[PDB]
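Shown here: work_30.csv, CSV, C-alpha atoms and all ligand atoms.
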```csv
chain,number,residue,atom,x,y,z
T,4,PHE,CA,3.6,18.1,-4.2
T,5,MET,CA,2.5,17.1,-0.6
T,6,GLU,CA,-0.7,15.5,-2.0
T,7,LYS,CA,1.3,14.0,-5.1
T,8,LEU,CA,3.8,12.3,-2.7
T,9,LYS,CA,0.8,10.9,-0.8
T,10,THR,CA,-0.6,9.6,-4.1
T,11,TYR,CA,2.7,8.0,-5.1
T,12,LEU,CA,3.1,6.3,-1.6
T,13,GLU,CA,-0.6,5.0,-2.1
T,14,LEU,CA,0.4,3.6,-5.5
T,15,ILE,CA,3.5,1.7,-4.1
T,16,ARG,CA,1.6,0.7,-0.9
T,17,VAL,CA,4.4,2.0,1.4
T,18,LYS,CA,3.1,0.0,4.4
T,19,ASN,CA,3.3,-3.4,2.5
T,20,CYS,CA,6.9,-2.5,1.2
T,21,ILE,CA,8.1,-1.7,4.8
T,22,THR,CA,6.5,-5.0,5.9
T,23,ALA,CA,8.4,-6.9,3.2
T,24,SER,CA,11.6,-4.9,3.9
T,25,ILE,CA,11.5,-5.9,7.6
T,26,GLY,CA,11.1,-9.5,6.4
T,27,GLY,CA,14.3,-9.0,4.4
T,28,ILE,CA,16.1,-7.7,7.5
T,29,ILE,CA,14.7,-10.7,9.6
T,30,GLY,CA,16.4,-13.0,7.1
T,31,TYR,CA,19.7,-11.1,7.3
T,32,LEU,CA,19.6,-11.1,11.2
T,33,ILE,CA,19.2,-15.0,11.2
T,34,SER,CA,22.0,-15.4,8.6
T,35,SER,CA,24.5,-13.1,10.4
T,36,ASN,CA,23.4,-14.4,13.9
T,37,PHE,CA,22.4,-10.8,14.9
T,38,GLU,CA,26.0,-9.6,14.1
T,39,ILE,CA,24.4,-6.9,11.8
T,40,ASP,CA,26.4,-4.6,9.4
T,41,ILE,CA,24.6,-1.3,8.7
T,42,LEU,CA,25.9,-0.9,5.1
T,43,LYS,CA,24.6,-4.4,4.1
T,44,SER,CA,21.3,-3.8,6.1
T,45,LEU,CA,20.6,-0.6,4.1
T,46,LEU,CA,21.1,-2.5,0.8
T,47,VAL,CA,18.9,-5.4,1.9
T,48,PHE,CA,16.1,-3.1,3.2
T,49,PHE,CA,15.9,-0.9,0.1
T,50,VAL,CA,16.4,-3.7,-2.6
T,51,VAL,CA,13.3,-5.5,-1.1
T,52,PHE,CA,11.5,-2.0,-0.8
T,53,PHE,CA,12.0,-1.1,-4.5
T,54,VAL,CA,11.3,-4.7,-5.9
T,55,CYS,CA,8.1,-4.7,-3.7
T,56,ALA,CA,7.3,-1.1,-4.9
T,57,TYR,CA,7.7,-2.2,-8.6
T,58,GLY,CA,5.3,-5.2,-8.0
T,59,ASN,CA,2.6,-3.0,-6.4
T,60,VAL,CA,2.8,-0.4,-9.3
T,61,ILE,CA,2.9,-3.1,-12.1
T,62,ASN,CA,-0.2,-4.7,-10.4
T,63,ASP,CA,-2.1,-1.3,-10.6
T,64,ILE,CA,-1.1,-0.8,-14.3
T,65,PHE,CA,-2.6,-4.2,-15.4
T,66,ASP,CA,-5.7,-3.7,-13.1
T,67,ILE,CA,-6.6,-0.1,-14.2
T,68,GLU,CA,-9.9,-1.3,-15.9
T,69,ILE,CA,-10.7,-3.8,-13.1
T,70,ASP,CA,-10.1,-1.1,-10.4
T,71,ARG,CA,-12.5,1.3,-12.3
T,72,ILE,CA,-15.4,-1.1,-11.1
T,73,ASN,CA,-14.0,-2.5,-7.8
T,74,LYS,CA,-12.3,0.2,-5.5
T,75,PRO,CA,-12.1,3.3,-7.9
T,76,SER,CA,-10.4,5.4,-5.1
T,77,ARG,CA,-7.0,4.0,-6.2
T,78,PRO,CA,-4.4,6.4,-7.8
T,79,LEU,CA,-4.7,5.1,-11.4
T,80,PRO,CA,-8.6,4.7,-11.9
T,81,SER,CA,-9.3,8.1,-10.1
T,82,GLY,CA,-7.0,9.9,-12.6
T,83,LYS,CA,-4.6,11.2,-9.8
T,84,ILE,CA,-1.7,9.5,-11.7
T,85,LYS,CA,-1.8,8.9,-15.5
T,86,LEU,CA,-1.1,5.4,-16.9
T,87,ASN,CA,2.2,6.6,-18.6
T,88,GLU,CA,3.4,8.3,-15.3
T,89,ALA,CA,2.9,4.9,-13.6
T,90,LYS,CA,4.7,2.9,-16.3
T,91,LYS,CA,7.8,5.2,-16.2
T,92,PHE,CA,7.7,5.1,-12.4
T,93,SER,CA,7.7,1.2,-12.3
T,94,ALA,CA,10.7,1.2,-14.7
T,95,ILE,CA,12.7,3.6,-12.3
T,96,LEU,CA,11.8,1.5,-9.2
T,97,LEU,CA,12.9,-1.7,-11.1
T,98,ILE,CA,16.3,-0.3,-12.2
T,99,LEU,CA,16.9,0.9,-8.6
T,100,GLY,CA,16.2,-2.5,-7.1
T,101,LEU,CA,18.3,-4.5,-9.6
T,102,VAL,CA,21.3,-2.1,-9.6
T,103,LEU,CA,21.3,-2.0,-5.7
T,104,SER,CA,21.3,-5.9,-5.6
T,105,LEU,CA,24.6,-6.0,-7.7
T,106,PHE,CA,26.3,-4.4,-4.6
T,107,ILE,CA,25.2,-7.4,-2.4
T,108,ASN,CA,26.2,-10.4,-4.6
T,109,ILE,CA,25.3,-12.7,-7.6
T,110,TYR,CA,22.6,-14.6,-5.5
T,111,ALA,CA,20.9,-11.3,-4.6
T,112,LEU,CA,20.6,-10.2,-8.3
T,113,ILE,CA,19.2,-13.7,-9.2
T,114,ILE,CA,16.5,-13.4,-6.5
T,115,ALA,CA,15.9,-9.7,-7.6
T,116,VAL,CA,15.5,-10.8,-11.3
T,117,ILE,CA,13.3,-13.9,-10.5
T,118,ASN,CA,11.0,-11.8,-8.2
T,119,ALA,CA,10.8,-9.1,-11.0
T,120,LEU,CA,9.7,-11.6,-13.6
T,121,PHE,CA,7.2,-13.4,-11.3
T,122,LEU,CA,5.7,-10.0,-10.2
T,123,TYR,CA,5.1,-8.8,-13.8
T,124,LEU,CA,3.7,-12.2,-15.0
T,125,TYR,CA,1.5,-12.5,-11.9
T,126,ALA,CA,0.0,-9.0,-12.5
T,127,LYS,CA,-0.3,-9.8,-16.3
T,128,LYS,CA,-2.0,-13.3,-16.3
T,129,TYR,CA,-1.2,-15.6,-13.4
T,130,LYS,CA,-3.4,-13.7,-10.8
T,131,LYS,CA,-6.5,-15.2,-12.6
T,132,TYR,CA,-4.8,-18.7,-13.0
T,133,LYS,CA,-4.4,-19.9,-9.4
T,134,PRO,CA,-2.5,-23.3,-10.2
T,135,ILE,CA,0.6,-21.1,-11.0
T,136,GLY,CA,-0.5,-18.1,-9.0
T,137,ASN,CA,-0.6,-20.0,-5.7
T,138,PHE,CA,3.1,-21.1,-6.3
T,139,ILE,CA,4.0,-17.3,-7.0
T,140,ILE,CA,2.3,-16.2,-3.8
T,141,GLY,CA,4.3,-18.8,-1.9
T,142,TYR,CA,7.7,-18.2,-3.6
T,143,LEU,CA,7.6,-14.3,-3.3
T,144,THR,CA,6.7,-14.5,0.4
T,145,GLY,CA,9.6,-16.9,1.1
T,146,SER,CA,12.1,-15.1,-1.3
T,147,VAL,CA,11.9,-11.9,1.0
T,148,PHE,CA,13.7,-13.9,3.8
T,149,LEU,CA,16.1,-15.7,1.4
T,150,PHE,CA,17.1,-12.3,0.0
T,151,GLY,CA,18.3,-11.1,3.4
T,152,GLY,CA,19.8,-14.6,4.0
T,153,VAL,CA,22.1,-14.5,0.9
T,154,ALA,CA,23.7,-11.3,2.4
T,155,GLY,CA,24.7,-13.0,5.7
T,156,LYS,CA,27.4,-15.7,6.4
T,157,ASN,CA,25.0,-18.7,7.3
T,158,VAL,CA,22.2,-18.9,4.7
T,159,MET,CA,21.3,-22.7,5.4
T,160,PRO,CA,18.7,-21.8,8.2
T,161,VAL,CA,17.2,-19.1,5.9
T,162,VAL,CA,17.1,-21.7,3.0
T,163,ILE,CA,14.9,-24.0,5.2
T,164,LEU,CA,12.7,-20.9,6.3
T,165,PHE,CA,12.3,-20.0,2.5
T,166,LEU,CA,11.4,-23.6,1.5
T,167,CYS,CA,8.9,-24.1,4.5
T,168,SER,CA,7.2,-20.7,3.8
T,169,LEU,CA,6.9,-21.5,0.0
T,170,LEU,CA,5.3,-25.0,0.7
T,171,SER,CA,3.0,-24.0,3.6
T,172,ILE,CA,1.8,-20.6,2.0
T,173,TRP,CA,1.3,-22.4,-1.4
T,174,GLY,CA,-0.8,-25.1,0.5
T,175,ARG,CA,-2.8,-22.5,2.5
T,176,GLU,CA,-3.6,-20.6,-0.8
T,177,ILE,CA,-5.3,-23.8,-2.2
T,178,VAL,CA,-7.2,-24.0,1.1
T,179,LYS,CA,-8.4,-20.3,0.7
T,180,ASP,CA,-9.4,-21.2,-3.0
T,181,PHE,CA,-11.6,-24.0,-1.7
T,182,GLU,CA,-13.4,-21.5,0.6
T,183,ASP,CA,-13.7,-18.9,-2.3
T,184,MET,CA,-14.8,-21.6,-4.8
T,185,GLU,CA,-18.3,-20.2,-5.4
T,186,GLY,CA,-17.1,-16.6,-5.8
T,187,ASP,CA,-14.1,-17.5,-8.1
T,188,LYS,CA,-16.3,-19.7,-10.4
T,189,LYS,CA,-18.6,-16.7,-11.2
T,190,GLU,CA,-15.5,-14.5,-12.0
T,191,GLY,CA,-13.6,-16.5,-14.6
T,192,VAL,CA,-10.9,-17.6,-12.2
T,193,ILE,CA,-9.2,-21.0,-12.7
T,194,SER,CA,-8.1,-22.8,-9.5
T,195,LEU,CA,-7.2,-26.4,-8.3
T,196,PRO,CA,-10.5,-26.8,-6.2
T,197,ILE,CA,-12.5,-25.6,-9.3
T,198,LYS,CA,-10.8,-28.2,-11.7
T,199,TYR,CA,-10.5,-31.1,-9.1
T,200,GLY,CA,-12.7,-30.4,-6.1
T,201,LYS,CA,-11.8,-32.2,-2.8
T,202,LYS,CA,-8.8,-34.0,-4.6
T,203,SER,CA,-6.8,-30.6,-4.5
T,204,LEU,CA,-6.9,-30.6,-0.7
T,205,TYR,CA,-4.6,-33.8,-0.8
T,206,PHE,CA,-2.0,-31.7,-2.7
T,207,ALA,CA,-2.5,-28.9,-0.1
T,208,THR,CA,-1.9,-31.6,2.6
T,209,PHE,CA,1.2,-32.9,0.7
T,210,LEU,CA,2.8,-29.4,0.5
T,211,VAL,CA,2.1,-28.9,4.3
T,212,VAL,CA,3.5,-32.4,5.1
T,213,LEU,CA,6.7,-31.7,3.0
T,214,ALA,CA,7.2,-28.4,4.9
T,215,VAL,CA,6.9,-30.4,8.2
T,216,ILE,CA,9.6,-32.9,7.1
T,217,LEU,CA,12.1,-30.0,6.4
T,218,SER,CA,11.2,-28.1,9.6
T,219,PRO,CA,13.5,-30.1,12.1
T,220,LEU,CA,16.6,-29.6,9.9
T,221,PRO,CA,18.1,-26.5,11.6
T,222,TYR,CA,18.1,-28.6,14.8
T,223,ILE,CA,19.4,-31.8,13.1
T,224,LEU,CA,22.2,-29.8,11.3
T,225,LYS,CA,23.2,-28.4,14.8
T,226,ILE,CA,22.4,-24.8,13.8
T,227,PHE,CA,19.5,-24.2,16.3
T,228,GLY,CA,18.9,-25.7,19.7
T,229,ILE,CA,16.2,-26.8,22.1
T,230,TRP,CA,13.8,-23.8,22.0
T,231,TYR,CA,13.5,-24.1,18.2
T,232,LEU,CA,12.9,-27.9,18.5
T,233,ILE,CA,10.1,-27.5,21.1
T,234,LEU,CA,8.3,-24.6,19.2
T,235,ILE,CA,8.7,-26.5,15.9
T,236,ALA,CA,7.3,-29.8,17.5
T,237,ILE,CA,4.0,-28.2,18.7
T,238,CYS,CA,3.6,-26.4,15.3
T,239,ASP,CA,4.4,-29.5,13.2
T,240,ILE,CA,1.8,-31.6,15.1
T,241,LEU,CA,-0.8,-28.7,14.9
T,242,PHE,CA,-0.2,-28.4,11.1
T,243,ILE,CA,-0.8,-32.2,10.5
T,244,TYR,CA,-4.0,-32.0,12.7
T,245,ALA,CA,-5.3,-28.8,10.9
T,246,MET,CA,-5.1,-30.6,7.5
T,247,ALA,CA,-6.5,-33.8,8.9
T,248,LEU,CA,-9.6,-31.9,10.1
T,249,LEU,CA,-10.1,-30.3,6.6
T,250,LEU,CA,-9.7,-33.7,4.9
T,251,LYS,CA,-12.4,-35.2,7.3
T,252,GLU,CA,-14.7,-32.1,6.9
T,253,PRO,CA,-14.0,-30.8,3.3
T,254,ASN,CA,-16.4,-27.8,3.4
T,255,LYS,CA,-16.3,-23.9,3.2
T,256,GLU,CA,-16.8,-23.5,7.0
T,257,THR,CA,-13.8,-25.8,7.9
T,258,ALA,CA,-11.6,-24.3,5.1
T,259,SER,CA,-12.2,-20.8,6.5
T,260,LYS,CA,-11.3,-21.9,10.0
T,261,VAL,CA,-8.2,-24.0,8.9
T,262,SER,CA,-7.0,-20.9,6.8
T,263,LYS,CA,-7.1,-18.7,10.1
T,264,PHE,CA,-5.3,-21.4,12.1
T,265,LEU,CA,-2.5,-21.9,9.6
T,266,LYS,CA,-1.7,-18.1,9.5
T,267,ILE,CA,-1.3,-18.1,13.4
T,268,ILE,CA,1.0,-21.2,13.3
T,269,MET,CA,3.1,-19.7,10.4
T,270,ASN,CA,3.7,-16.7,12.7
T,271,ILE,CA,4.9,-18.9,15.6
T,272,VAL,CA,7.2,-20.8,13.2
T,273,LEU,CA,8.7,-17.3,12.2
T,274,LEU,CA,9.1,-16.6,16.0
T,275,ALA,CA,10.9,-20.0,16.5
T,276,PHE,CA,13.4,-19.1,13.7
T,277,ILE,CA,14.0,-15.6,15.3
T,278,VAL,CA,14.4,-17.3,18.8
T,279,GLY,CA,16.7,-19.9,17.3
T,280,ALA,CA,18.8,-17.1,15.7
T,281,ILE,CA,19.3,-15.5,19.1
T,282,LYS,CA,22.6,-17.4,19.7
T,283,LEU,CA,24.5,-14.7,21.7
V,301,LIG,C1,7.4,-17.8,26.3
V,301,LIG,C2,7.1,-19.0,27.2
V,301,LIG,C3,8.2,-20.0,27.3
V,301,LIG,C4,8.9,-20.0,28.7
V,301,LIG,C5,10.3,-19.5,28.6
V,301,LIG,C6,11.3,-20.6,28.7
V,301,LIG,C7,12.8,-20.1,28.7
V,301,LIG,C8,13.6,-20.7,29.8
V,301,LIG,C9,15.1,-20.4,29.6
V,301,LIG,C10,16.1,-20.7,30.3
V,301,LIG,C11,17.4,-20.0,30.4
V,301,LIG,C12,17.5,-19.1,31.6
V,301,LIG,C13,17.8,-17.7,31.2
V,301,LIG,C14,17.6,-16.7,32.3
V,301,LIG,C15,18.8,-16.1,32.9
V,301,LIG,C16,18.6,-15.1,34.0
V,301,LIG,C17,19.3,-15.3,35.3
V,301,LIG,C18,20.7,-14.8,35.3
V,301,LIG,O1,20.9,-13.9,36.4
V,301,LIG,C19,20.8,-12.6,36.2
V,301,LIG,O2,19.7,-12.0,36.2
V,301,LIG,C20,22.1,-11.9,36.0
V,301,LIG,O3,22.3,-10.8,36.9
V,301,LIG,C21,22.3,-11.5,34.6
V,301,LIG,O4,23.6,-11.0,34.4
V,302,LIG,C1,6.8,18.2,4.7
V,302,LIG,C2,7.9,18.2,5.6
V,302,LIG,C3,9.0,17.2,5.4
V,302,LIG,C4,10.4,17.8,5.6
V,302,LIG,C5,11.4,16.7,5.7
V,302,LIG,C6,12.5,17.1,6.6
V,302,LIG,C7,13.9,17.0,6.0
V,302,LIG,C8,14.9,16.6,7.0
V,302,LIG,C9,16.1,16.1,6.3
V,302,LIG,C10,16.5,16.5,5.1
V,302,LIG,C11,15.7,16.5,3.8
V,302,LIG,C12,16.3,15.6,2.8
V,302,LIG,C13,17.4,16.3,2.0
V,302,LIG,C14,17.0,17.3,1.0
V,302,LIG,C15,16.6,16.7,-0.4
V,302,LIG,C16,16.1,17.7,-1.3
V,302,LIG,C17,16.4,19.1,-0.8
V,302,LIG,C18,16.1,20.1,-1.8
V,302,LIG,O1,15.1,21.1,-1.3
V,302,LIG,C19,13.9,20.9,-1.7
V,302,LIG,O2,13.3,19.8,-1.7
V,302,LIG,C20,13.2,22.1,-2.1
V,302,LIG,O3,13.6,23.2,-1.3
V,302,LIG,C21,11.7,22.0,-2.0
V,302,LIG,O4,11.2,23.2,-2.6
V,303,LIG,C1,-6.0,-20.4,17.6
V,303,LIG,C2,-4.6,-20.7,17.5
V,303,LIG,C3,-3.7,-20.5,18.7
V,303,LIG,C4,-2.8,-21.6,19.1
V,303,LIG,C5,-1.4,-21.3,19.1
V,303,LIG,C6,-0.6,-22.1,20.1
V,303,LIG,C7,0.8,-21.6,20.3
V,303,LIG,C8,1.9,-22.6,20.4
V,303,LIG,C9,3.1,-22.2,21.3
V,303,LIG,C10,3.3,-22.5,22.5
V,303,LIG,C11,2.5,-22.1,23.7
V,303,LIG,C12,3.2,-22.3,25.0
V,303,LIG,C13,2.4,-23.2,26.0
V,303,LIG,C14,2.0,-22.5,27.3
V,303,LIG,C15,0.5,-22.4,27.5
V,303,LIG,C16,0.0,-23.2,28.6
V,303,LIG,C17,-0.7,-24.5,28.2
V,303,LIG,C18,-2.2,-24.4,28.3
V,303,LIG,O1,-2.8,-25.1,27.2
V,303,LIG,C19,-3.3,-26.3,27.4
V,303,LIG,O2,-2.8,-27.2,28.0
V,303,LIG,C20,-4.6,-26.5,26.7
V,303,LIG,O3,-4.5,-26.4,25.3
V,303,LIG,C21,-5.7,-25.5,27.2
V,303,LIG,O4,-6.9,-25.8,26.5
V,304,LIG,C1,2.3,-11.4,-1.3
V,304,LIG,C2,2.2,-11.3,-2.8
V,304,LIG,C3,1.4,-12.4,-3.5
V,304,LIG,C4,2.8,-10.3,-3.4
V,304,LIG,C5,2.4,-9.8,-4.8
V,304,LIG,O1,2.1,-8.4,-4.7
V,304,LIG,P1,0.7,-7.8,-5.2
V,304,LIG,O2,0.9,-6.7,-6.1
V,304,LIG,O3,-0.2,-8.9,-5.7
V,304,LIG,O4,0.0,-7.3,-3.8
V,304,LIG,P2,-1.2,-6.3,-3.5
V,304,LIG,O5,-2.5,-7.1,-4.0
V,304,LIG,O6,-1.2,-6.2,-2.0
V,304,LIG,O7,-1.0,-5.0,-4.2
V,305,LIG,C1,7.7,-20.5,8.3
V,305,LIG,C2,6.8,-19.5,7.8
V,305,LIG,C3,5.6,-20.0,7.0
V,305,LIG,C4,7.1,-18.2,7.9
V,305,LIG,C5,6.2,-17.0,8.2
V,305,LIG,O1,5.4,-16.7,7.1
V,305,LIG,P1,4.5,-15.4,7.1
V,305,LIG,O2,4.2,-15.0,8.5
V,305,LIG,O3,5.1,-14.4,6.2
V,305,LIG,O4,3.1,-15.9,6.5
V,305,LIG,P2,1.8,-15.3,5.9
V,305,LIG,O5,2.0,-13.8,6.0
V,305,LIG,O6,1.7,-15.7,4.5
V,305,LIG,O7,0.7,-15.7,6.8
V,306,MG,MG,-0.4,-14.5,2.0
```

Would you write out, as structure tokens, the structure that this file holds?
Ligand SMILES: CCCCCCCC/C=C/CCCCCCCCOC(=O)[C@H](O)CO
Ligand SMILES: CCCCCCCC/C=C\CCCCCCCCOC(=O)[C@H](O)CO
Ligand SMILES: CCCCCCCC/C=C\CCCCCCCCOC(=O)[C@H](O)CO
Ligand code: DMA
Ligand code: DMA
Ligand SMILES: [Mg+2]
Amino acid sequence: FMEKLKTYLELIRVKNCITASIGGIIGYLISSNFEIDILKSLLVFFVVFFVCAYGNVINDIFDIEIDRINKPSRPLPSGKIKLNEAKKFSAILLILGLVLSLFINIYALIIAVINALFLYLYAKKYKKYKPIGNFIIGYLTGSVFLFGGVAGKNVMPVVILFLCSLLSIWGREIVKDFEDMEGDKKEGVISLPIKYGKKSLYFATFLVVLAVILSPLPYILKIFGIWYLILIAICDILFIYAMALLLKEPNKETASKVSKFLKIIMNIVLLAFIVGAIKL
């Protein structure tokens, strides 16, 4: 049972879940202004943990045949865990997450249910269909924060963080798809750069631009101060510059570089929200 527990932790991808759970705490810290309550923290950490665990397991169930070719070392294609054992496990992880979220509030259950439907549908069909998949990737990453946010007293700064993450991650996903265009085409993957070419990069720019318009709101609404405003300013200008370069040079090389830059900037924006939250 020492080896079996290691196999079940490999199936859920325990590192990815803890990463998502920390994201959920981050959101709760901002919302409560670091005035953290241990009982609410334990609910937030584990609801995100089990909803994330369910998603990773449901992903492996629908990918058992695909994984048999690419990376057969995974728990399901290697035969370490039976398909039925995985299906019963994902059901248990799901009930745990949903029942636990009832003890937070109505908003937490709504996010829990919406995440659960998106995770199942993404694993089932929207992983291959990027126009909807790119939205899902954006929404789910942002929802992690919003989940911790709805548990705290001031959700407004976490609402802006969720909206900005969704828009910028969705945009960056189309940018990644423009770089992976040649590979995706010879795999039966439908994406905006495959259907529209360079035109899609204007929609990726639009999503980044809309995120930039919403970014000074915690300052304007008198929630966050000067350090947020300065960190956001550098990042907003760098975002508009990054997309401007890609629109001027719409190639695989530039798309690859802009994709790396946007990930760094997104991490500084997260730091700016944490820094802004330190109001004590
Ligand atoms: C990351 C790069 C950006 C550069 C950082 C810019 C931040 C500037 C912040 C200004 C506020 C000053 C806080 C320091 C108070 C310490 C002296 C207070 O005196 C003391 O040490 C007392 O004994 C404490 O009780
Ligand atoms: C591989 C080393 C890991 C050891 C973990 C350290 C434990 C420290 C804290 C308490 C353990 C959790 C509570 C016990 C749950 C089930 C006990 C019921 O007992 C058992 O699980 C059976 O005795 C197993 O045969
Ligand atoms: C590859 C992506 C990495 C970029 C991320 C930028 C982080 C933005 C946050 C603020 C940095 C604080 C400024 C202090 C550095 C000194 C300026 C020295 O800098 C300058 O004046 C010239 O830029 C030097 O060439
Ligand atoms: C960030 C994101 C899009 C979450 C979906 O989880 P997944 O099951 O697709 O993730 P992974 O491929 O890491 O198992
Ligand atoms: C404001 C903002 C975009 C938040 C941070 O996102 P992240 O660090 O989770 O981004 P990713 O992991 O998708 O690069
Ligand atoms: Mg991502």

- Item | Selection within 9 Å of ligand LIG 303 (chain V) by all atoms listed in the file, output as a list in words |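 Here is the list of contacting residues: residues 233, 234, 235, 237, 238, 241, 263, 264, 265, 266, 267, 268 and 271 of chain T.
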
- Task: Find the residues near range 141-151 of chain T: any atom within 6 Å, counting only C-alpha atoms, skip ones fewer than 4 places away on the same chain, and give them as number ranges by chain.
- Result: T: 26-28, 30-31, 47, 161, 165, 168-169, 172-173

Selection file, C-alpha atoms, as a short mmCIF file (atom, residue, chain, number, x, y, z; two decimals), in the coordinates of the input:
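The resulting file, result-v4.cif, is shown below:
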```cif
data_model
loop_
_atom_site.label_atom_id
_atom_site.label_comp_id
_atom_site.auth_asym_id
_atom_site.auth_seq_id
_atom_site.Cartn_x
_atom_site.Cartn_y
_atom_site.Cartn_z
CA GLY T 26 11.10 -9.50 6.40
CA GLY T 27 14.30 -9.00 4.40
CA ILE T 28 16.10 -7.70 7.50
CA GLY T 30 16.40 -13.00 7.10
CA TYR T 31 19.70 -11.10 7.30
CA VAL T 47 18.90 -5.40 1.90
CA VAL T 161 17.20 -19.10 5.90
CA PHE T 165 12.30 -20.00 2.50
CA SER T 168 7.20 -20.70 3.80
CA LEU T 169 6.90 -21.50 0.00
CA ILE T 172 1.80 -20.60 2.00
CA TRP T 173 1.30 -22.40 -1.40
#
```

- Task: Measuring atom to atom with only C-alpha atoms and all ligand atoms, identify which of T:136, T:253, T:75, T:58 is nearest to ligand LIG 304 (chain V).
- Result: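 Closest residue, counting only C-alpha atoms and all ligand atoms: T:58.
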
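In this model, the gap between atom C6 of ligand LIG 302 (chain V) and CA of residue 88 in chain T comes to 25.3 Å.
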
Polymer residues at most 12 Å from residue 12 in chain T, all atoms listed in the file, same-chain spacing of 4 or more positions, as a short mmCIF file (atom, residue, chain, number, x, y, z; two decimals) with C-alpha atoms, keeping the file's coordinate frame:
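Full text of out35.cif as output:
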```cif
data_model
loop_
_atom_site.label_atom_id
_atom_site.label_comp_id
_atom_site.auth_asym_id
_atom_site.auth_seq_id
_atom_site.Cartn_x
_atom_site.Cartn_y
_atom_site.Cartn_z
CA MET T 5 2.50 17.10 -0.60
CA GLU T 6 -0.70 15.50 -2.00
CA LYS T 7 1.30 14.00 -5.10
CA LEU T 8 3.80 12.30 -2.70
CA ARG T 16 1.60 0.70 -0.90
CA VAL T 17 4.40 2.00 1.40
CA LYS T 18 3.10 0.00 4.40
CA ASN T 19 3.30 -3.40 2.50
CA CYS T 20 6.90 -2.50 1.20
CA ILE T 21 8.10 -1.70 4.80
CA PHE T 52 11.50 -2.00 -0.80
CA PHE T 53 12.00 -1.10 -4.50
CA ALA T 56 7.30 -1.10 -4.90
CA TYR T 57 7.70 -2.20 -8.60
CA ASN T 59 2.60 -3.00 -6.40
CA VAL T 60 2.80 -0.40 -9.30
CA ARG T 77 -7.00 4.00 -6.20
CA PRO T 78 -4.40 6.40 -7.80
CA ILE T 84 -1.70 9.50 -11.70
CA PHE T 92 7.70 5.10 -12.40
#
```

- Quote the spacing between atom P1 of ligand LIG 305 (chain V) and CA of residue 270 in chain T in Å to one decimal place.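 Value for the atom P1 of ligand LIG 305 (chain V)-CA of residue 270 in chain T distance: 5.8 Å.
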
- Within 10 Å of (1.9, 7.5, -11.9), in the coordinates the file gives, what residues turn up when you count all atoms listed in the file, written out as a ChimeraX atom specification? /T:7,10-11,14-15,60,63-64,78-79,82-93

- Might you pull out every residue within 9 Å of range 202-207 of chain T, with all atoms listed in the file counted and same-chain residues fewer than 2 positions away left off, and present them as a list in words?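 Contacts, with the query itself left out: residues 170, 171, 173, 174, 175, 176, 177, 178, 181, 195, 196, 197, 198, 199, 200, 209, 210, 211, 212, 246, 249, 250 and 253 of chain T.
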
- Spatial neighbours of residue 48 in chain T, max dist 7 Å, only C-alpha atoms, sep filter under 2 positions, as a list in words: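 Contacts, with the query itself left out: residues 24, 25, 27, 28, 44, 45, 46, 50, 51 and 52 of chain T.
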
- Please indicate the distance in Å from CA of residue 35 in chain T to CA of residue 155 in chain T, rounded to one decimal place.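 Here the two named atoms are 4.7 Å from each other.
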
- Query: Taking only C-alpha atoms and all ligand atoms into account, which of T:23, T:111, T:154, T:99 comes nearest ligand LIG 305 (chain V)?
  - Reply: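 Checking each candidate against ligand LIG 305 (chain V), we get T:23 as the closest.
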
- Which residue gives the smallest distance to residue 239 in chain T among T:260, T:109, T:33, T:213, with only C-alpha atoms counted?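 Ranked by minimum distance to residue 239 in chain T, first place goes to T:213.
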
- Task: Rank nothing, just name the residue among T:262, T:254, T:36, T:218 nearest to ligand MG 306 (chain V), using all atoms listed in the file.
- Result: T:262

- Restricting the calculation to only C-alpha atoms and all ligand atoms, which member of T:135, T:101, T:126, T:261 is positioned closest to ligand LIG 304 (chain V)?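 Answer, going by the shortest atom-to-atom distance: T:126.
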
- Message: Using all atoms listed in the file for the distances, tell me which of T:242, T:230, T:276, T:123 is nearest to ligand LIG 301 (chain V).
- Response: T:230

- Item | Shell of 9 Å around residue 255 in chain T, only C-alpha atoms, local chain residues under 6 positions omitted, as a PyMOL selection string | chain T and resi 181-184
